[PDB]
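Colleague: Next up is a structure, given as structure tokens.
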């Protein structure tokens, strides 16, 4: 339900309303769509674990798990 996502850019966001269909996929998809394009990897680590998209609804049973997003884009910027 409620999860705190923090990117490598020091962007922490605490929300109190998570879905049960995608949960993580919806959050990551909303961030990429908001900026228009994906940063690069857009991968977060849950409890030291990677890949949580498969745990969409499974993540809805948490409602109290810290999330950390990682985005590394050093390809080009001009």
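Colleague: Looking at (1) closer than 10 Å to residue 69 by Cβ; (2) surrounded by fewer than 14 Cβ atoms within 10 Å (Cβ to Cβ), which is the only condition residue 10 fails?
Modeller: Every condition holds for residue 10 apart from (1).
Colleague: Can you spot a residue in region 37-48 that is loosely packed, with under 15 Cβ neighbours inside 10 Å, within 12 Å of residue 3 (Cα to Cα), free of Cβ contacts under 8 Å to residues at least 24 places away in the same chain and out of contact with any helix residue (DSSP H, G or I) (no Cβ under 7 Å at 6 or more places or on another chain)? Outline the logic, then answer.
Modeller: Applying the first criterion (loosely packed, with under 15 Cβ neighbours inside 10 Å) to region 37-48 yields 37-38, 40-41, 45, 47-48.
Now drop any that are not within 12 Å of residue 3 (Cα to Cα), which leaves none.
No: region 37-48 contains no residue that is loosely packed, with under 15 Cβ neighbours inside 10 Å, within 12 Å of residue 3 (Cα to Cα), free of Cβ contacts under 8 Å to residues at least 24 places away in the same chain and out of contact with any helix residue (DSSP H, G or I) (no Cβ under 7 Å at 6 or more places or on another chain).
Colleague: Follow-up question, since we're still on this one. Taking the residues in region 49-75 that are in contact (Cβ under 8 Å) with a residue 40 or more places away in the chain and over 11 Å from the mean Cα position of the chain (by Cα) as candidates, determine which candidate is farthest from residue 14 (Cα to Cα).
Modeller: So, considering only residues that are in contact (Cβ under 8 Å) with a residue 40 or more places away in the chain and over 11 Å from the mean Cα position of the chain (by Cα), the one farthest from residue 14 (Cα to Cα) is 72.
Colleague: Write out, first by first residue and then by second, each pair whose Cβ atoms fall under 8 Å of each other, whose residues are 6+ apart or on separate chains, and whose first residue, in region 18-33, is at positive phi while the second is surrounded by fewer than 18 Cβ atoms within 10 Å (Cβ to Cβ) and assigned to a helix (DSSP H, G or I).
Modeller: Cβ pairs passing all conditions: 23/55; 23/57; 23/58; 23/60.
Colleague: If you don't mind, another one. Restricting attention to region 13-36, report how many residues are exposed (fewer than 12 other Cβ atoms within 10 Å of the Cβ) and out of contact with any strand residue (DSSP E or B) (no Cβ under 9 Å at 6 or more places or on another chain).
Modeller: Of the residues in region 13-36, the ones exposed (fewer than 12 other Cβ atoms within 10 Å of the Cβ) are 14-17, 21, 30, 33-36.
In the following step, the residues that additionally are out of contact with any strand residue (DSSP E or B) (no Cβ under 9 Å at 6 or more places or on another chain) were identified as 21, 30, 33-36.
Of the residues in region 13-36, 6 are exposed (fewer than 12 other Cβ atoms within 10 Å of the Cβ) and out of contact with any strand residue (DSSP E or B) (no Cβ under 9 Å at 6 or more places or on another chain).
Laboratory data are not the source of any read-out in this text; all were calculated from the coordinates shown. In this analysis, Cβ positions are derived from the backbone assuming ideal geometry, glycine residues included, and neighbour counts consider all displayed protein chains.
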